[PDB]
Amino acid sequence: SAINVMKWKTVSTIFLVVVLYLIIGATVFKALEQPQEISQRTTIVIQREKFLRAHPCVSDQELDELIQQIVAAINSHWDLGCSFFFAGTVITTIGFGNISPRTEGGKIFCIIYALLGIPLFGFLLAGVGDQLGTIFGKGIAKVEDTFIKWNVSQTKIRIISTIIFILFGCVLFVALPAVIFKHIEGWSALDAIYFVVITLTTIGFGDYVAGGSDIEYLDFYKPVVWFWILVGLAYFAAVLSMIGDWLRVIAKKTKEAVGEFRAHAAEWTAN
Amino acid sequence: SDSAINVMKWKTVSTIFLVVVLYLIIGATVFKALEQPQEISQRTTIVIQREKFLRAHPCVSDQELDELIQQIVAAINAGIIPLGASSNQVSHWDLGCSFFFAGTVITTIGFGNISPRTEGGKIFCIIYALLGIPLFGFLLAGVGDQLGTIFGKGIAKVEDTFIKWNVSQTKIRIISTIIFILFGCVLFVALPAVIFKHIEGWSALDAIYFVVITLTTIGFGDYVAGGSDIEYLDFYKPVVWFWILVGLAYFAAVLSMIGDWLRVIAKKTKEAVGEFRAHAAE
Ligand SMILES: CCCCCCCCCCCCC/C=C/[C@@H](O)[C@H](CO)NC(=O)CCCCCCCCCCCCCCC
Ligand SMILES: *[C@H]1C(=O)N(c2ccc(C(=O)NCc3ccc(Cl)cc3Cl)cc2)C(=O)[C@@H]1C
Ligand SMILES: *[C@H]1C(=O)N(c2ccc(C(=O)NCc3ccc(Cl)cc3Cl)cc2)C(=O)[C@@H]1C
Ligand SMILES: CCCCCCCCCCCCCCCC
Ligand SMILES: CCCCCCCCCCCCCCCC
Ligand SMILES: CCCCCCCCCCCCCCCC
Ligand SMILES: CCCCCCCCCC
Ligand SMILES: CCCCCCCCCC
Ligand SMILES: CCCCCCCCCC
Ligand SMILES: CCCCCCCCCC
Ligand SMILES: CCCCCCCCCC
Ligand SMILES: CCCCCCCCCC
Ligand SMILES: CCCCCCCCCC
Ligand SMILES: CCCCCCCCCC
Ligand SMILES: CCCCCCCCCC
Ligand SMILES: CCCCCCCCCC
Ligand SMILES: CCCCCCCCCC
Ligand SMILES: [K+]
Ligand SMILES: [K+]
Ligand SMILES: [K+]
Ligand SMILES: [K+]
Ligand SMILES: [K+]
């Protein structure tokens, strides 16, 4: 019973931290998106009135009619390339959602496909992460013999190892594919980085999709991006895990800072 | 970290890799078999609606028609409502909406119905994801632990009904797993589905579909609870928030045990291939 009370206090504090995090994020997102949302809000209503006046021969009541059936139409996209990419988007959980099942049977099969594919792909992702782990481990085990030379102690070397990991991982799984996407997809630099992060975190908004545009592309383009999806998902799993590990020590150092502070402040009211 | 096992591991993942490739290949061909027909059924009915007004309004440039379609669908990617009967739209980035969006990012569901457009929004979204996803992982771990300990006490109450009719061991563990999947499906999949059926006005299959697509954190965005311009019950979206929490915990557990079942199946297949190759044509 009492260990469950200690658990409830831990989970409660974590939950409230997450709520506060959402509150901060919400107010910040509003602060950035609303202003430029009006900048884009007037650009379409202007085109409305301006093309109703530039084409007076068109009925104003027939204007909204086309918008109805157009948004209804948003409600070939299904060649082997598209369905294969979609089968990738389900089992990786990267739910871009650009194309989705509309038939009832298609929805049922998508359910079964997800429930079986996500675990199997988890096994694959584990194997890839292990391969990368041993390949990077030999590199850090070779650079530790050239590091213990000019030095005295340790602990600093683990942090240098993590720094090397973050640097090479960022120049191989986020930077280089970003500049390639800049060129092939015609995206901007920040949009390329944005796409990399949103995809490799498995968030997958769908506002930026590599190989999804009406661009020529190469025979070895989308397959290479597939391979990048594999290794990048592994790398981002590791980096997210270790960011969580940093959060652990931060929580511990903050509760010990709180102890240090309350203990150094209680004796001041006494004096 | 060395030795010969790294070859033995490479054979494992490689075979799994080919399996997943095969798994994708099959998955690709079947989806096409269902979605492609109704895609052309609507693809030719709209090009008719195009041409029928392409001839009924020759006063239109028609080359500027699809041009207008360009800017309208591009603005729909930002979620526009260009109407005159309802010449007053609501903001997609108020506190209520932006809170839900910040929820969709840290859970990785990422519905994507509304997305950042400003430069700062994208940069902040990157930082926000990189810090939020692990923290929410801790929260999900705590909720999964709470559900696990409540289920442990629940099965600890029925253990007096086990030490009686045929005393076994593992066969009772499988019943435990059965109880887990059944009750979890009737509380985190079935009940919210019928609620979505009622409030959101979705169909039964669409409700189950939404539940599954969200609790797996896929999140296509074609179905969003509380995402329509409907009144709702003010105490609806918070309840769906709590459902998001407990459902993600439950689905993590269910996916993990599906993987374990796949493991046992894979071992039984590696033994079946041996039995067959050794028995060669009986
Ligand atoms: C950039 C983000 C920074 C976020 C990090 C700031 C810290 C906030 C997160 C703290 C969450 C608790 C973490 C672990 C808690 C205990 O399991 C831990 C076991 O190892 N025990 C203690 O620390 C020894 C003391 C035990 C503390 C119990 C948990 C805290 C409860 C304190 C308040 C009690 C009321 C709770 C209701 C809100
Ligand atoms: C139909 C459609 O969906 N695509 C299309 C086809 C192929 C890709 C693709 O493979 N992108 C690289 C890739 C691979 C796997 C994953 Cl999990 C993600 C990604 Cl980004 C993208 C889009 C089309 O060209 C039409 C629109
Ligand atoms: C603006 C917008 O984004 N929403 C909106 C507001 C709130 C919700 C919501 O909370 N749905 C339940 C929920 C909670 C958390 C998560 Cl991670 C997922 C879900 Cl489904 C949805 C949509 C609006 O009504 C306008 C369009
Ligand atoms: C041995 C690993 C090297 C890491 C780079 C290999 C490819 C990973 C992504 C780079 C290419 C992705 C963009 C697609 C270019 C055709
Ligand atoms: C080194 C392990 C290789 C995997 C052995 C074959 C596994 C194939 C059976 C499980 C794969 C998913 C099948 C789902 C329907 C039975
Ligand atoms: C829905 C996909 C079902 C696919 C079921 C069969 C695919 C995997 C079978 C591979 C069998 C390999 C035997 C391993 C021999 C060592
Ligand atoms: C372990 C289940 C929760 C125990 C405490 C219940 C009331 C606390 C929330 C108000
Ligand atoms: C997903 C379709 C893109 C074209 C081929 C990409 C790789 C095919 C085999 C992995
Ligand atoms: C009518 C809904 C049918 C859902 C079928 C689910 C099958 C799960 C197999 C793992
Ligand atoms: C990753 C989600 C599916 C978990 C089952 C796969 C087991 C190996 C991954 C840890
Ligand atoms: C981002 C602000 C979080 C503050 C942490 C409060 C918890 C204190 C632990 C004793
Ligand atoms: C406050 C929790 C729900 C967040 C969605 C915003 C709408 C609040 C009233 C339903
Ligand atoms: C406001 C645009 C200037 C460049 C982005 C600055 C904001 C970064 C997140 C606070
Ligand atoms: C080009 C700007 C890239 C955004 C900076 C990302 C920093 C991540 C810190 C967590
Ligand atoms: C994943 C569990 C799905 C529950 C089956 C739904 C059956 C509804 C019949 C009324
Ligand atoms: C819902 C479980 C599917 C596997 C993804 C888990 C998190 C992925 C990015 C952290
Ligand atoms: C340690 C390897 C266990 C067997 C490989 C994983 C099987 C994946 C599901 C078919
Ligand atoms: K998604
Ligand atoms: K999406
Ligand atoms: K979308
Ligand atoms: K996800
Ligand atoms: K997703």
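Residues numbered from 1 in each chain as written, not as in the entry; some residues may be left out. Chains lettered and ligands numbered in written order. Heavy atoms only, no water. Residues with missing side-chain atoms left out of burial classes, pairs and counts.

Looking at the method and resolution fields of the entry, one finds X-ray crystallography and 3.00 Å.

Describing the overall build of chain B
The test is simple: A run of H or I in DSSP becomes a helix once it reaches four residues, and a run of E becomes a strand once it reaches two; helices and strands are each numbered from the N terminus. Our radius of gyration is a C-alpha quantity, and the globule rule it is checked against amounts to 2.2 Å times the number of residues to the power 0.38. It only takes one pair of heavy atoms within 4.5 Å for two residues to be counted as in contact.
Helix and strand counts for chain B come out as seven helices and zero strands. From first element to last, N terminus to C terminus, chain B shows the α and β order α-α-α-α-α-α-α. Computed over its C-alpha atoms, the radius of gyration of chain B comes to 26 Å, more than 25% above the 19 Å expected for a compact globule of 282 residues. If you line up chain B on its principal axes, its C-alpha atoms span 85 × 55 × 45 Å. In chain B, of all internal contacts separated by at least 6 residues, the share reaching a separation of at least 24 is 58%.

Focus on the coordination of the potassium ion (ligand 19)
For the record, the criterion: In this listing, donors mean N, O and S atoms no farther than 2.8 Å from the metal, or 3.2 Å for Na, K and Ca; water is missing from the atoms, so a site can look incomplete. Metal sites are grouped by the angles between bound donors: all angles between 85 and 135 degrees with four donors is tetrahedral, opposite donors over 155 degrees apart with the others between 65 and 115 is square planar for four donors and octahedral for six, and any other pattern is irregular.
Donor atoms from the polypeptide that bind the potassium ion (ligand 19) are A:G95 (O), A:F96 (O), A:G204 (O), A:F205 (O), B:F111 (O) and B:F220 (O), placed at 2.5 to 3.1 Å. Because the angles between the six donor atoms bound to the potassium ion (ligand 19) fall within 64 to 164°, the donor set is best described as irregular.

Overview of the pattern of salt bridges
Formally: Every case where a carboxyl oxygen of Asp or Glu lies within 4 Å of a side-chain nitrogen of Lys or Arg is listed as a salt bridge. Each residue gets one of three labels from its accessible area relative to the maximum for its type: buried under 20%, exposed over 50%, partly exposed in between, using a 1.4 Å probe on protein chains only.
Enumeration over the complete set of coordinates arrives at eight salt bridges over all chains. With a closest N to O distance of 2.9 Å, A:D130 and B:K9 form a salt bridge. Of this pair, A:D130 sits in helix α4 (residues 104–143) while B:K9 sits in helix α1 (residues 5–56), placing the two residues on different chains. Residue classification places A:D130 among the partly exposed positions, given a relative accessible area of 31%. Here A:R248 ties to A:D245 by a salt bridge, and the two come within 3.9 Å at their closest N and O atoms. Taken together, the residues span about one helical turn, with A:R248 and A:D245 both in helix α8 (residues 222–270) at a distance of three residues. A:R248 sits in the exposed class, given a relative accessible area of 54%. Judged by its relative accessible area of 40%, A:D245 falls in the partly exposed class.

A look at the site of ligand 10
All names here are of chain A. Selection criterion: Nearness is judged by heavy atoms alone; a residue qualifies as near a molecule or strand once a single heavy atom is within 4 Å of it. For the accessible areas, the method is Shrake-Rupley and the probe is 1.4 Å, while residue cover comes only from the protein chains on display. Residues are sorted three ways: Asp, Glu, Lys and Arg are charged, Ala, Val, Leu, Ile, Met, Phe, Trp, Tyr, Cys and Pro are nonpolar, and all the rest, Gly among them, are polar.
Taken together, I118, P119, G122 and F123 make up the full set of residues near ligand 10. Its free accessible area being 330 Å², ligand 10 has 57% of it covered by the protein chains. Considered class by class, the residues forming the shell around ligand 10 number three nonpolar, one polar and no charged.

Some details on the environment of B:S41
Position of B:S41 among the secondary structure elements: in helix α1. Remark: the alpha-carbon pair of B:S41 and B:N166, spanning 125 residues in sequence, is separated by 60 Å.

So, the environment of B:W202
Residues and elements named next belong to chain B. By secondary structure assignment, the location of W202 is in the loop between α5 (170–199) and α6 (204–215). It is 22 Å that separates the C-alpha atoms of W202 and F31, two residues lying 171 residues apart in sequence. Ignoring sequence-local partners within four residues, the contact set of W202 consists of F196, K197, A207, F210, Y223, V224 and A225.

Re the interface of chain B and chain A
Often the size quoted for an interface is simply the accessible area lost on bringing the parts together. Each partner contributes residues to the interface: chain B has 110 residues there, and chain A has 105 residues. Elements supplying a minimum of two residues to the side of chain B that touches chain A: α1, α2 (63–76), α3 (95–106), α4 (119–157), α6 and α7 (237–279) of chain B. For the side of chain B that touches chain A, the element with the most residues is α1(B), which contributes 26 residues. By residue class, the composition of the side of chain B that touches chain A is 65 nonpolar, 30 polar and 15 charged.

Overview of α3(B)
Here is the rule: Expected helix span is computed as 1.5 Å times (number of residues minus one).
With 12 residues, α3(B) should cover 16 Å at 1.5 Å per step; its first-to-last C-alpha distance of 17 Å lies within 8% of that length. Where α3(B) is buried, its residues touch α1 (2–54) of chain A together with α4 and α7 of chain B. Positive phi shows up at B:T108, right after α3(B), with a value of about 70°.

Describing the UniProt feature "intramembrane region" in chain B
All names here are of chain B. What counts is decided by this rule: UniProt positions are given in the numbering used here, feature names are shortened, and annotations may be inferred rather than shown by experiment.
The feature "intramembrane region", as given by UniProt, occupies residues 95–121 and 204–234 in the numbering adopted here. Spanning residues 95–121, this segment combines 56% helix with 0% strand, and its end C-alpha atoms are found 15 Å apart. Annotated as residues 204–234, this span is 39% helix and 0% strand, and its ends, taken at the C-alpha atoms, are 24 Å apart.

Points about the nonpolar core
Rules: Nine residue types can take part in a nonpolar core, namely buried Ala, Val, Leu, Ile, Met, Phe, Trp, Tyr and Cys, and a core is a set of them joined through side-chain atoms within 4.5 Å.
Grouped together as the largest cluster of nonpolar side chains are 108 residues, with contacts concentrated most on A:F181, A:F195, B:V105, B:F196, B:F210 and B:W243. Those residues within four positions of B:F210 in sequence are excluded, and the remaining contacts are B:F111, B:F196, B:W202, B:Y223, B:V224, B:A225 and B:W243. One finds A:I70, B:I72, B:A75 and B:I80 within the second-largest nonpolar core, a separate group that totals five residues.

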